[PDB]
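Structure file query_29.cif with mmCIF, C-alpha atoms and all ligand atoms; chains and numbers go by the auth columns:
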data_coords
#
loop_
_atom_site.group_PDB
_atom_site.id
_atom_site.type_symbol
_atom_site.label_atom_id
_atom_site.label_comp_id
_atom_site.label_asym_id
_atom_site.label_seq_id
_atom_site.Cartn_x
_atom_site.Cartn_y
_atom_site.Cartn_z
_atom_site.B_iso_or_equiv
_atom_site.auth_seq_id
_atom_site.auth_asym_id
ATOM 1 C CA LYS A 1 8.375 -12.979 -31.228 0.00 1 A
ATOM 2 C CA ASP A 2 8.607 -16.799 -31.293 0.00 2 A
ATOM 3 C CA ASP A 3 11.486 -16.641 -28.780 0.00 3 A
ATOM 4 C CA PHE A 4 9.151 -14.843 -26.346 0.00 4 A
ATOM 5 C CA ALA A 5 6.364 -17.383 -26.908 0.00 5 A
ATOM 6 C CA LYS A 6 8.809 -20.153 -26.011 0.00 6 A
ATOM 7 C CA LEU A 7 9.728 -18.337 -22.752 0.00 7 A
ATOM 8 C CA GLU A 8 6.002 -18.076 -21.956 0.00 8 A
ATOM 9 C CA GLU A 9 5.822 -21.881 -22.407 0.00 9 A
ATOM 10 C CA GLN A 10 9.031 -22.605 -20.487 0.00 10 A
ATOM 11 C CA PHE A 11 8.118 -20.471 -17.484 0.00 11 A
ATOM 12 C CA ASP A 12 4.319 -20.854 -17.726 0.00 12 A
ATOM 13 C CA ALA A 13 3.798 -17.124 -17.590 0.00 13 A
ATOM 14 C CA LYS A 14 2.443 -14.296 -19.706 0.00 14 A
ATOM 15 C CA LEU A 15 5.157 -11.822 -20.827 0.00 15 A
ATOM 16 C CA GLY A 16 4.807 -8.086 -21.550 0.00 16 A
ATOM 17 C CA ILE A 17 7.746 -6.463 -23.300 0.00 17 A
ATOM 18 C CA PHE A 18 8.478 -3.010 -24.596 0.00 18 A
ATOM 19 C CA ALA A 19 11.964 -1.869 -25.544 0.00 19 A
ATOM 20 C CA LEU A 20 13.019 1.277 -27.388 0.00 20 A
ATOM 21 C CA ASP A 21 16.516 2.184 -28.557 0.00 21 A
ATOM 22 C CA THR A 22 16.460 5.987 -28.238 0.00 22 A
ATOM 23 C CA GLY A 23 19.250 6.345 -30.846 0.00 23 A
ATOM 24 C CA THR A 24 17.535 4.470 -33.693 0.00 24 A
ATOM 25 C CA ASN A 25 13.828 4.286 -32.743 0.00 25 A
ATOM 26 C CA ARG A 26 13.950 0.523 -33.226 0.00 26 A
ATOM 27 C CA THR A 27 11.585 -1.271 -30.821 0.00 27 A
ATOM 28 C CA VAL A 28 11.120 -4.814 -29.491 0.00 28 A
ATOM 29 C CA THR A 29 7.529 -5.514 -28.481 0.00 29 A
ATOM 30 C CA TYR A 30 5.565 -8.486 -27.159 0.00 30 A
ATOM 31 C CA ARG A 31 2.060 -8.072 -25.728 0.00 31 A
ATOM 32 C CA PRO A 32 3.163 -4.451 -25.257 0.00 32 A
ATOM 33 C CA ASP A 33 -0.328 -3.121 -24.570 0.00 33 A
ATOM 34 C CA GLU A 34 -1.467 -5.904 -22.249 0.00 34 A
ATOM 35 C CA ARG A 35 -2.169 -4.901 -18.666 0.00 35 A
ATOM 36 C CA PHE A 36 -0.212 -6.274 -15.703 0.00 36 A
ATOM 37 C CA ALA A 37 -0.213 -5.313 -12.037 0.00 37 A
ATOM 38 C CA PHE A 38 2.618 -2.779 -11.906 0.00 38 A
ATOM 39 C CA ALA A 39 3.561 -3.694 -8.283 0.00 39 A
ATOM 40 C CA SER A 40 6.740 -1.898 -6.966 0.00 40 A
ATOM 41 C CA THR A 41 7.700 -0.582 -10.431 0.00 41 A
ATOM 42 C CA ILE A 42 5.302 2.278 -9.564 0.00 42 A
ATOM 43 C CA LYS A 43 7.931 3.419 -7.035 0.00 43 A
ATOM 44 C CA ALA A 44 10.123 4.729 -9.901 0.00 44 A
ATOM 45 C CA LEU A 45 7.321 6.886 -11.332 0.00 45 A
ATOM 46 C CA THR A 46 6.267 8.074 -7.840 0.00 46 A
ATOM 47 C CA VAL A 47 9.804 9.416 -7.262 0.00 47 A
ATOM 48 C CA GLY A 48 9.727 10.967 -10.767 0.00 48 A
ATOM 49 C CA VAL A 49 6.632 12.950 -9.700 0.00 49 A
ATOM 50 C CA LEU A 50 8.139 13.789 -6.312 0.00 50 A
ATOM 51 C CA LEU A 51 11.175 15.266 -8.116 0.00 51 A
ATOM 52 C CA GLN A 52 8.810 17.330 -10.306 0.00 52 A
ATOM 53 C CA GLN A 53 7.314 18.884 -7.147 0.00 53 A
ATOM 54 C CA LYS A 54 10.196 19.133 -4.676 0.00 54 A
ATOM 55 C CA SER A 55 13.388 21.151 -4.846 0.00 55 A
ATOM 56 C CA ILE A 56 16.623 19.378 -3.808 0.00 56 A
ATOM 57 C CA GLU A 57 16.639 21.140 -0.421 0.00 57 A
ATOM 58 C CA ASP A 58 12.965 20.130 -0.025 0.00 58 A
ATOM 59 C CA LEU A 59 14.284 16.536 0.034 0.00 59 A
ATOM 60 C CA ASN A 60 16.139 17.307 3.287 0.00 60 A
ATOM 61 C CA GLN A 61 12.773 17.654 5.031 0.00 61 A
ATOM 62 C CA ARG A 62 12.438 15.095 7.830 0.00 62 A
ATOM 63 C CA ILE A 63 9.300 12.955 7.752 0.00 63 A
ATOM 64 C CA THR A 64 8.199 11.325 11.013 0.00 64 A
ATOM 65 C CA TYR A 65 6.018 8.231 11.323 0.00 65 A
ATOM 66 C CA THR A 66 5.064 5.509 13.803 0.00 66 A
ATOM 67 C CA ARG A 67 5.054 1.727 14.231 0.00 67 A
ATOM 68 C CA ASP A 68 1.427 2.053 13.087 0.00 68 A
ATOM 69 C CA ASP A 69 2.546 3.551 9.749 0.00 69 A
ATOM 70 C CA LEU A 70 4.704 0.482 9.024 0.00 70 A
ATOM 71 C CA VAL A 71 3.322 -2.071 6.570 0.00 71 A
ATOM 72 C CA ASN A 72 4.500 -5.592 5.612 0.00 72 A
ATOM 73 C CA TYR A 73 7.958 -4.976 4.025 0.00 73 A
ATOM 74 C CA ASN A 74 9.920 -2.151 5.608 0.00 74 A
ATOM 75 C CA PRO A 75 13.629 -3.068 5.350 0.00 75 A
ATOM 76 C CA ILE A 76 14.814 0.530 5.976 0.00 76 A
ATOM 77 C CA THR A 77 11.906 2.474 7.451 0.00 77 A
ATOM 78 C CA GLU A 78 11.335 0.025 10.331 0.00 78 A
ATOM 79 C CA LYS A 79 14.882 0.884 11.486 0.00 79 A
ATOM 80 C CA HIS A 80 14.173 4.637 11.826 0.00 80 A
ATOM 81 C CA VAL A 81 10.739 4.922 13.502 0.00 81 A
ATOM 82 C CA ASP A 82 12.317 6.845 16.413 0.00 82 A
ATOM 83 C CA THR A 83 14.140 9.435 14.331 0.00 83 A
ATOM 84 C CA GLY A 84 12.131 9.649 11.099 0.00 84 A
ATOM 85 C CA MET A 85 13.767 9.917 7.677 0.00 85 A
ATOM 86 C CA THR A 86 14.360 12.701 5.146 0.00 86 A
ATOM 87 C CA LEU A 87 12.456 12.616 1.869 0.00 87 A
ATOM 88 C CA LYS A 88 15.808 11.982 0.111 0.00 88 A
ATOM 89 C CA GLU A 89 16.447 8.973 2.425 0.00 89 A
ATOM 90 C CA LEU A 90 12.906 7.676 1.777 0.00 90 A
ATOM 91 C CA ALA A 91 13.375 7.963 -2.002 0.00 91 A
ATOM 92 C CA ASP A 92 16.582 5.958 -1.562 0.00 92 A
ATOM 93 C CA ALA A 93 14.886 3.210 0.453 0.00 93 A
ATOM 94 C CA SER A 94 11.895 3.032 -1.877 0.00 94 A
ATOM 95 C CA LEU A 95 13.922 2.766 -5.094 0.00 95 A
ATOM 96 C CA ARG A 96 16.917 0.724 -4.017 0.00 96 A
ATOM 97 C CA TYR A 97 15.367 -1.543 -1.367 0.00 97 A
ATOM 98 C CA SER A 98 11.713 -1.422 -2.498 0.00 98 A
ATOM 99 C CA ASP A 99 10.720 -0.283 1.001 0.00 99 A
ATOM 100 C CA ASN A 100 6.875 -0.221 1.059 0.00 100 A
ATOM 101 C CA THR A 101 6.414 2.294 3.885 0.00 101 A
ATOM 102 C CA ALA A 102 8.894 4.607 2.124 0.00 102 A
ATOM 103 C CA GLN A 103 6.743 4.429 -1.013 0.00 103 A
ATOM 104 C CA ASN A 104 3.583 5.139 1.039 0.00 104 A
ATOM 105 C CA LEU A 105 5.173 8.162 2.752 0.00 105 A
ATOM 106 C CA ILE A 106 6.395 9.557 -0.582 0.00 106 A
ATOM 107 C CA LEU A 107 2.981 8.884 -2.122 0.00 107 A
ATOM 108 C CA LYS A 108 1.203 10.887 0.639 0.00 108 A
ATOM 109 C CA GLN A 109 3.696 13.712 -0.004 0.00 109 A
ATOM 110 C CA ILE A 110 2.580 13.986 -3.617 0.00 110 A
ATOM 111 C CA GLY A 111 -1.153 13.873 -2.834 0.00 111 A
ATOM 112 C CA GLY A 112 -1.887 10.137 -2.958 0.00 112 A
ATOM 113 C CA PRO A 113 -2.658 7.687 -5.757 0.00 113 A
ATOM 114 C CA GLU A 114 -5.131 10.056 -7.478 0.00 114 A
ATOM 115 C CA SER A 115 -2.552 12.881 -7.665 0.00 115 A
ATOM 116 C CA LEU A 116 0.014 10.450 -9.026 0.00 116 A
ATOM 117 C CA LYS A 117 -2.540 9.412 -11.665 0.00 117 A
ATOM 118 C CA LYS A 118 -3.281 13.044 -12.603 0.00 118 A
ATOM 119 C CA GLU A 119 0.426 13.759 -12.900 0.00 119 A
ATOM 120 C CA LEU A 120 1.009 10.726 -15.126 0.00 120 A
ATOM 121 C CA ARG A 121 -1.987 11.765 -17.267 0.00 121 A
ATOM 122 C CA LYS A 122 -0.336 15.212 -17.700 0.00 122 A
ATOM 123 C CA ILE A 123 2.859 13.696 -19.135 0.00 123 A
ATOM 124 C CA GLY A 124 0.773 11.698 -21.655 0.00 124 A
ATOM 125 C CA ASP A 125 0.437 8.382 -19.778 0.00 125 A
ATOM 126 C CA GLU A 126 -3.262 7.488 -20.226 0.00 126 A
ATOM 127 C CA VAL A 127 -2.787 3.860 -19.158 0.00 127 A
ATOM 128 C CA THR A 128 -1.143 3.580 -15.721 0.00 128 A
ATOM 129 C CA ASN A 129 -3.905 3.433 -13.150 0.00 129 A
ATOM 130 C CA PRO A 130 -2.724 3.986 -9.513 0.00 130 A
ATOM 131 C CA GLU A 131 -5.457 3.562 -6.851 0.00 131 A
ATOM 132 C CA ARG A 132 -3.848 2.092 -3.720 0.00 132 A
ATOM 133 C CA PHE A 133 -0.866 2.151 -1.337 0.00 133 A
ATOM 134 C CA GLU A 134 1.599 -0.700 -0.595 0.00 134 A
ATOM 135 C CA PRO A 135 1.222 -3.632 -0.186 0.00 135 A
ATOM 136 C CA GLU A 136 -2.444 -3.814 -1.306 0.00 136 A
ATOM 137 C CA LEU A 137 -1.643 -2.320 -4.700 0.00 137 A
ATOM 138 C CA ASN A 138 0.302 -5.541 -5.489 0.00 138 A
ATOM 139 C CA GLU A 139 -2.890 -7.654 -5.463 0.00 139 A
ATOM 140 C CA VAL A 140 -4.646 -7.342 -8.841 0.00 140 A
ATOM 141 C CA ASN A 141 -7.239 -9.911 -9.982 0.00 141 A
ATOM 142 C CA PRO A 142 -7.694 -11.022 -13.611 0.00 142 A
ATOM 143 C CA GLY A 143 -9.629 -8.548 -15.769 0.00 143 A
ATOM 144 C CA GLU A 144 -8.996 -5.666 -13.301 0.00 144 A
ATOM 145 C CA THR A 145 -7.307 -2.396 -14.320 0.00 145 A
ATOM 146 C CA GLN A 146 -6.737 -0.911 -10.855 0.00 146 A
ATOM 147 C CA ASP A 147 -3.012 -0.527 -10.142 0.00 147 A
ATOM 148 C CA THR A 148 -2.130 -1.827 -13.600 0.00 148 A
ATOM 149 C CA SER A 149 -0.197 -0.489 -16.551 0.00 149 A
ATOM 150 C CA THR A 150 1.313 -1.897 -19.750 0.00 150 A
ATOM 151 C CA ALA A 151 4.950 -2.547 -20.789 0.00 151 A
ATOM 152 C CA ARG A 152 4.721 0.331 -23.278 0.00 152 A
ATOM 153 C CA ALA A 153 3.244 2.838 -20.799 0.00 153 A
ATOM 154 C CA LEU A 154 5.622 2.012 -17.964 0.00 154 A
ATOM 155 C CA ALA A 155 8.668 2.240 -20.277 0.00 155 A
ATOM 156 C CA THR A 156 7.390 5.514 -21.766 0.00 156 A
ATOM 157 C CA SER A 157 6.677 7.139 -18.400 0.00 157 A
ATOM 158 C CA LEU A 158 10.064 6.002 -17.067 0.00 158 A
ATOM 159 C CA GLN A 159 11.685 7.468 -20.217 0.00 159 A
ATOM 160 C CA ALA A 160 9.751 10.739 -19.655 0.00 160 A
ATOM 161 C CA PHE A 161 11.299 11.309 -16.236 0.00 161 A
ATOM 162 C CA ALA A 162 14.737 9.771 -16.700 0.00 162 A
ATOM 163 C CA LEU A 163 15.657 10.814 -20.256 0.00 163 A
ATOM 164 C CA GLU A 164 13.315 13.597 -21.430 0.00 164 A
ATOM 165 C CA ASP A 165 12.477 17.102 -20.231 0.00 165 A
ATOM 166 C CA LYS A 166 9.886 16.173 -17.557 0.00 166 A
ATOM 167 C CA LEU A 167 12.710 16.670 -15.081 0.00 167 A
ATOM 168 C CA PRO A 168 15.656 19.088 -15.437 0.00 168 A
ATOM 169 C CA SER A 169 19.039 17.356 -15.819 0.00 169 A
ATOM 170 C CA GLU A 170 20.224 17.377 -12.173 0.00 170 A
ATOM 171 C CA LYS A 171 16.973 15.724 -11.089 0.00 171 A
ATOM 172 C CA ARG A 172 17.212 13.214 -13.959 0.00 172 A
ATOM 173 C CA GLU A 173 20.746 12.382 -12.779 0.00 173 A
ATOM 174 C CA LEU A 174 19.485 11.949 -9.217 0.00 174 A
ATOM 175 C CA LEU A 175 16.737 9.512 -10.284 0.00 175 A
ATOM 176 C CA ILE A 176 19.134 7.648 -12.591 0.00 176 A
ATOM 177 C CA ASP A 177 21.818 7.351 -9.912 0.00 177 A
ATOM 178 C CA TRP A 178 19.376 5.853 -7.382 0.00 178 A
ATOM 179 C CA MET A 179 18.133 3.372 -9.991 0.00 179 A
ATOM 180 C CA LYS A 180 21.679 2.493 -11.056 0.00 180 A
ATOM 181 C CA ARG A 181 22.305 1.550 -7.430 0.00 181 A
ATOM 182 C CA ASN A 182 19.178 -0.600 -7.059 0.00 182 A
ATOM 183 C CA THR A 183 19.843 -3.645 -4.825 0.00 183 A
ATOM 184 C CA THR A 184 16.856 -5.851 -5.886 0.00 184 A
ATOM 185 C CA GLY A 185 17.359 -6.564 -9.636 0.00 185 A
ATOM 186 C CA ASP A 186 20.606 -8.574 -9.845 0.00 186 A
ATOM 187 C CA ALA A 187 18.744 -11.620 -11.201 0.00 187 A
ATOM 188 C CA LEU A 188 16.489 -9.668 -13.565 0.00 188 A
ATOM 189 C CA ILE A 189 17.324 -7.195 -16.383 0.00 189 A
ATOM 190 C CA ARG A 190 20.912 -6.944 -15.013 0.00 190 A
ATOM 191 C CA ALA A 191 21.465 -10.688 -15.588 0.00 191 A
ATOM 192 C CA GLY A 192 20.287 -10.403 -19.204 0.00 192 A
ATOM 193 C CA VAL A 193 22.552 -7.633 -20.560 0.00 193 A
ATOM 194 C CA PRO A 194 26.116 -8.136 -21.921 0.00 194 A
ATOM 195 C CA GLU A 195 29.225 -7.166 -19.917 0.00 195 A
ATOM 196 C CA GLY A 196 29.877 -3.397 -19.722 0.00 196 A
ATOM 197 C CA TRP A 197 26.224 -2.454 -20.224 0.00 197 A
ATOM 198 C CA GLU A 198 24.964 -0.082 -17.522 0.00 198 A
ATOM 199 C CA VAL A 199 21.529 -0.628 -15.906 0.00 199 A
ATOM 200 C CA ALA A 200 19.182 1.576 -13.941 0.00 200 A
ATOM 201 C CA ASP A 201 16.170 -0.478 -12.886 0.00 201 A
ATOM 202 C CA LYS A 202 13.204 -0.864 -10.532 0.00 202 A
ATOM 203 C CA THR A 203 11.658 -4.268 -9.837 0.00 203 A
ATOM 204 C CA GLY A 204 8.178 -5.362 -8.793 0.00 204 A
ATOM 205 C CA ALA A 205 6.511 -8.484 -7.467 0.00 205 A
ATOM 206 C CA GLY A 206 2.747 -9.007 -7.067 0.00 206 A
ATOM 207 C CA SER A 207 -0.103 -11.541 -6.921 0.00 207 A
ATOM 208 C CA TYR A 208 -0.543 -14.176 -9.638 0.00 208 A
ATOM 209 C CA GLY A 209 3.254 -14.595 -9.688 0.00 209 A
ATOM 210 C CA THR A 210 3.676 -11.111 -11.163 0.00 210 A
ATOM 211 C CA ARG A 211 7.347 -10.268 -11.664 0.00 211 A
ATOM 212 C CA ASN A 212 8.436 -7.014 -13.300 0.00 212 A
ATOM 213 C CA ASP A 213 11.516 -4.976 -14.078 0.00 213 A
ATOM 214 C CA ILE A 214 11.674 -1.599 -15.816 0.00 214 A
ATOM 215 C CA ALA A 215 14.897 0.057 -16.748 0.00 215 A
ATOM 216 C CA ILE A 216 17.105 2.390 -18.717 0.00 216 A
ATOM 217 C CA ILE A 217 20.140 0.574 -20.075 0.00 217 A
ATOM 218 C CA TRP A 218 23.272 1.970 -21.701 0.00 218 A
ATOM 219 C CA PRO A 219 25.417 0.050 -24.197 0.00 219 A
ATOM 220 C CA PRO A 220 29.164 0.783 -23.911 0.00 220 A
ATOM 221 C CA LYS A 221 28.728 3.409 -26.660 0.00 221 A
ATOM 222 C CA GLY A 222 25.528 4.988 -27.973 0.00 222 A
ATOM 223 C CA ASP A 223 22.140 6.045 -26.699 0.00 223 A
ATOM 224 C CA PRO A 224 20.128 4.468 -23.871 0.00 224 A
ATOM 225 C CA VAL A 225 17.577 1.719 -24.376 0.00 225 A
ATOM 226 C CA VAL A 226 14.341 1.955 -22.376 0.00 226 A
ATOM 227 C CA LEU A 227 12.928 -1.450 -21.394 0.00 227 A
ATOM 228 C CA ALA A 228 9.922 -2.767 -19.484 0.00 228 A
ATOM 229 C CA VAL A 229 9.643 -6.536 -18.882 0.00 229 A
ATOM 230 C CA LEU A 230 6.420 -7.535 -17.151 0.00 230 A
ATOM 231 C CA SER A 231 5.052 -10.983 -16.280 0.00 231 A
ATOM 232 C CA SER A 232 2.163 -12.745 -14.566 0.00 232 A
ATOM 233 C CA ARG A 233 0.870 -16.276 -14.161 0.00 233 A
ATOM 234 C CA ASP A 234 -2.503 -18.015 -14.007 0.00 234 A
ATOM 235 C CA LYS A 235 -2.733 -18.863 -10.266 0.00 235 A
ATOM 236 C CA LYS A 236 -3.132 -16.326 -7.419 0.00 236 A
ATOM 237 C CA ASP A 237 -0.466 -17.899 -5.208 0.00 237 A
ATOM 238 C CA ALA A 238 1.986 -18.689 -8.020 0.00 238 A
ATOM 239 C CA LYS A 239 5.705 -18.252 -7.428 0.00 239 A
ATOM 240 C CA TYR A 240 7.728 -16.362 -10.017 0.00 240 A
ATOM 241 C CA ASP A 241 11.124 -17.251 -11.515 0.00 241 A
ATOM 242 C CA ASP A 242 13.500 -14.297 -12.076 0.00 242 A
ATOM 243 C CA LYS A 243 15.196 -16.232 -14.906 0.00 243 A
ATOM 244 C CA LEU A 244 12.168 -15.461 -17.066 0.00 244 A
ATOM 245 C CA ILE A 245 13.096 -11.757 -17.014 0.00 245 A
ATOM 246 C CA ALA A 246 16.839 -12.341 -17.496 0.00 246 A
ATOM 247 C CA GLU A 247 16.139 -14.592 -20.502 0.00 247 A
ATOM 248 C CA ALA A 248 13.577 -12.126 -21.955 0.00 248 A
ATOM 249 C CA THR A 249 16.163 -9.329 -21.702 0.00 249 A
ATOM 250 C CA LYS A 250 18.685 -11.466 -23.605 0.00 250 A
ATOM 251 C CA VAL A 251 16.162 -11.834 -26.432 0.00 251 A
ATOM 252 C CA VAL A 252 15.658 -8.049 -26.406 0.00 252 A
ATOM 253 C CA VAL A 253 19.410 -7.400 -26.547 0.00 253 A
ATOM 254 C CA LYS A 254 19.877 -9.929 -29.384 0.00 254 A
ATOM 255 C CA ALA A 255 16.971 -8.355 -31.313 0.00 255 A
ATOM 256 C CA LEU A 256 18.438 -4.862 -31.023 0.00 256 A
ATOM 257 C CA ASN A 257 21.815 -6.323 -32.160 0.00 257 A
HETATM 258 O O1 LIG B . 10.995 -6.540 -6.338 0.00 301 B
HETATM 259 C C1 LIG B . 10.387 -5.885 -5.485 0.00 301 B
HETATM 260 O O2 LIG B . 10.248 -4.662 -5.595 0.00 301 B
HETATM 261 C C2 LIG B . 9.786 -6.600 -4.281 0.00 301 B
HETATM 262 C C3 LIG B . 10.807 -7.125 -3.288 0.00 301 B
HETATM 263 O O3 LIG B . 10.426 -7.765 -2.309 0.00 301 B
HETATM 264 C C4 LIG B . 12.288 -6.897 -3.470 0.00 301 B
HETATM 265 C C5 LIG B . 12.879 -8.141 -4.106 0.00 301 B
HETATM 266 O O4 LIG B . 11.829 -8.899 -4.725 0.00 301 B
#

For this file, write the structure as structure tokens.
Ligand SMILES: O=C(O)CC(=O)CCO
Amino acid sequence: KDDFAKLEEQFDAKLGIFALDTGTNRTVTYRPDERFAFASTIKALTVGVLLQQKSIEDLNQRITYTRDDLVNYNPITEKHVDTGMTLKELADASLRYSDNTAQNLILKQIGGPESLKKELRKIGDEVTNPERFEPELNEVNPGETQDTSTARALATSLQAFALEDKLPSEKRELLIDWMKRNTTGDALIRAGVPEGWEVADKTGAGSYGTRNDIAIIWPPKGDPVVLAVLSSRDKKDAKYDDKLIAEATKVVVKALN
């Protein structure tokens, strides 16, 4: 725990860590129950719920939308206004590019932030508190619980969908495969794990320099480790440093070693 404290000093940030080795039940925790804006990490759990509700052929359904529907960060969706996108294509864009419009379109499909909350409550997550769409959800002020969760809750809900029986295996594999092919976390959890370790992650960035990564990680042999690494800073306009998360992950790996 002192190693984490020193990272908090080095990077002038608050750190939230929960890691579980599913083979041994050993954990690594640090402010595990402290709330942080979840930011785009919520995209992973939103797709988990979508997969609970949609069949695979349901995902071939084309969703149409307009220039008006576009928000601030639409790397994929802004390129397909004219033709629309399938739910499967939207899930891809949301998870692997962190496309905000894609998240919003998927979120509508599942009944909005309240339905997402109800669904998370049903799987035993009493902490995660979705209220808004992207990008407004990313802006959480100190003391607020709206659009927040904790390291422990995020890791546990991700584990529920990716590793447990909340999804049947083919849908688990689908979620895992998208997250394995995430494009946005090269400097985060992925930069903190030894060679030959496999990573399936979703990143997030929000106000107060919030910088998150949640993941399932697989050692060369043995069971997966579930990990959430969350962070925030004291100023609203603060910039984050990805190295904080990479270094935190290294501590986690060492501790489980
Ligand atoms: O991490 C996120 O989900 C937000 C992004 O802008 C992608 C890279 O930061």

- Message: To test your reading of the syntax: which residues would the PyMOL selection byres (((chain A and resi 256) around 8) and not hetatm) return for the file shown? Reply as an NGL selection string.
- Response: :A and (21 or 26-28 or 252-255 or 257)

- Query: Which residues form the shell of 9 Å around ligand LIG 301 (chain B) when you count only C-alpha atoms and all ligand atoms, given as a VMD selection string?
  - Reply: chain A and resid 39 to 41 43 73 94 to 100 183 to 185 202 to 206 211 to 213

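Here CA of residue 15 (chain A) and CA of residue 230 (chain A) stand 5.8 Å from one another.
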
- Query: the PyMOL selection byres (((chain A and resi 120-136) around 7) and not hetatm) on the file shown: which residues, as an NGL selection string?
  - Reply: :A and (72 or 100 or 104 or 113-114 or 116-119 or 137-139 or 145-149 or 153 or 157)

Once you have the residues from the selection above, write them out as a PDB file, in the frame of the given file, restricted to C-alpha atoms.
ATOM      1  CA  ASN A  72       4.500  -5.592   5.612  1.00  0.00           C
ATOM      2  CA  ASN A 100       6.875  -0.221   1.059  1.00  0.00           C
ATOM      3  CA  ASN A 104       3.583   5.139   1.039  1.00  0.00           C
ATOM      4  CA  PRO A 113      -2.658   7.687  -5.757  1.00  0.00           C
ATOM      5  CA  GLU A 114      -5.131  10.056  -7.478  1.00  0.00           C
ATOM      6  CA  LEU A 116       0.014  10.450  -9.026  1.00  0.00           C
ATOM      7  CA  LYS A 117      -2.540   9.412 -11.665  1.00  0.00           C
ATOM      8  CA  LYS A 118      -3.281  13.044 -12.603  1.00  0.00           C
ATOM      9  CA  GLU A 119       0.426  13.759 -12.900  1.00  0.00           C
ATOM     10  CA  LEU A 137      -1.643  -2.320  -4.700  1.00  0.00           C
ATOM     11  CA  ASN A 138       0.302  -5.541  -5.489  1.00  0.00           C
ATOM     12  CA  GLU A 139      -2.890  -7.654  -5.463  1.00  0.00           C
ATOM     13  CA  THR A 145      -7.307  -2.396 -14.320  1.00  0.00           C
ATOM     14  CA  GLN A 146      -6.737  -0.911 -10.855  1.00  0.00           C
ATOM     15  CA  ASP A 147      -3.012  -0.527 -10.142  1.00  0.00           C
ATOM     16  CA  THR A 148      -2.130  -1.827 -13.600  1.00  0.00           C
ATOM     17  CA  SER A 149      -0.197  -0.489 -16.551  1.00  0.00           C
ATOM     18  CA  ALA A 153       3.244   2.838 -20.799  1.00  0.00           C
ATOM     19  CA  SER A 157       6.677   7.139 -18.400  1.00  0.00           C
TER      20      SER A 157
END

- Message: Take the PyMOL selection byres (((chain A and resi 162) around 9) and not hetatm), run it mentally on this structure, and tell me the resulting residues as number ranges by chain.
- Response: A: 48, 157-161, 163-167, 169, 171-173, 175-176, 216

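The coordinates place CA of residue 208 (chain A) at 28.3 Å from CA of residue 178 (chain A).
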
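These residues, each with an atom at most 12 Å from (19.2, 6.6, 3.2) using all atoms listed in the file, are residues 59, 60, 62, 75, 76, 77, 79, 80, 84, 85, 86, 87, 88, 89, 90, 91, 92, 93, 94, 95, 96, 97, 99, 102 and 178 of chain A.
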
- Message: Can you pull out the residues contacting residue 244 (chain A)? Cut-off 12 Å, using all atoms listed in the file, and skip same-chain residues under 6 positions away; I want them as an NGL selection string.
- Response: :A and (3-17 or 187-189 or 191-192 or 209-213 or 229-233 or 250-251)

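CA of residue 107 (chain A) lies 16.4 Å from CA of residue 66 (chain A).
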
Kindly compute an axis-aligned box around the listed atoms of region 28-34 of chain A, allowing 8 Å on each side, and express its centre and edge lengths in Å to one decimal as JSON.
{"center_x": 4.8, "center_y": -5.8, "center_z": -25.9, "size_x": 28.6, "size_y": 21.4, "size_z": 23.2}

- Do you know which residues are at most 7 Å from residue 140 (chain A) counting all atoms listed in the file, after dropping those on the same chain fewer than 3 positions away, and could you put them as a PyMOL selection string? chain A and resi 37+144+207

Using all atoms listed in the file, what does the table of region 166-213 of chain A residues within 9 Å of region 219-226 of chain A look like, with each row giving the shortest atom pair and its distance in Å to one decimal, sorted by chain and ascending number, as a Markdown table?
| residue | atom | partner | partner_atom | distance |
| --- | --- | --- | --- | --- |
| A:193 | CA | A:219 | CA | 9.0 |
| A:194 | CA | A:219 | CA | 8.5 |
| A:195 | CA | A:220 | CA | 8.9 |
| A:196 | CA | A:220 | CA | 6.0 |
| A:197 | CA | A:219 | CA | 4.8 |
| A:198 | CA | A:219 | CA | 6.7 |

Starting from the block above, write region 5-12 of chain A out to a file with N, CA and C atoms, as an mmCIF file, in the first residue's frame, please.
data_model
loop_
_atom_site.group_PDB
_atom_site.id
_atom_site.type_symbol
_atom_site.label_atom_id
_atom_site.label_comp_id
_atom_site.auth_asym_id
_atom_site.auth_seq_id
_atom_site.Cartn_x
_atom_site.Cartn_y
_atom_site.Cartn_z
ATOM 1 N N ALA A 5 0.656 4.875 -2.370
ATOM 2 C CA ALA A 5 0.785 6.197 -1.754
ATOM 3 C C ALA A 5 1.855 7.028 -2.450
ATOM 4 N N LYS A 6 2.992 6.409 -2.742
ATOM 5 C CA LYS A 6 4.073 7.106 -3.435
ATOM 6 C C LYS A 6 3.700 7.508 -4.874
ATOM 7 N N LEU A 7 2.922 6.669 -5.565
ATOM 8 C CA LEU A 7 2.376 7.028 -6.881
ATOM 9 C C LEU A 7 1.388 8.197 -6.801
ATOM 10 N N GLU A 8 0.568 8.218 -5.752
ATOM 11 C CA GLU A 8 -0.330 9.341 -5.498
ATOM 12 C C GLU A 8 0.451 10.659 -5.306
ATOM 13 N N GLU A 9 1.622 10.561 -4.672
ATOM 14 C CA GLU A 9 2.490 11.726 -4.461
ATOM 15 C C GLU A 9 3.174 12.117 -5.766
ATOM 16 N N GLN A 10 3.671 11.119 -6.498
ATOM 17 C CA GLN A 10 4.450 11.369 -7.707
ATOM 18 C C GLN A 10 3.590 12.016 -8.782
ATOM 19 N N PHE A 11 2.350 11.543 -8.905
ATOM 20 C CA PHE A 11 1.467 11.979 -9.972
ATOM 21 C C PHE A 11 0.390 12.944 -9.497
ATOM 22 N N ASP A 12 0.460 13.328 -8.225
ATOM 23 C CA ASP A 12 -0.515 14.236 -7.604
ATOM 24 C C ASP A 12 -1.952 13.900 -7.973
#
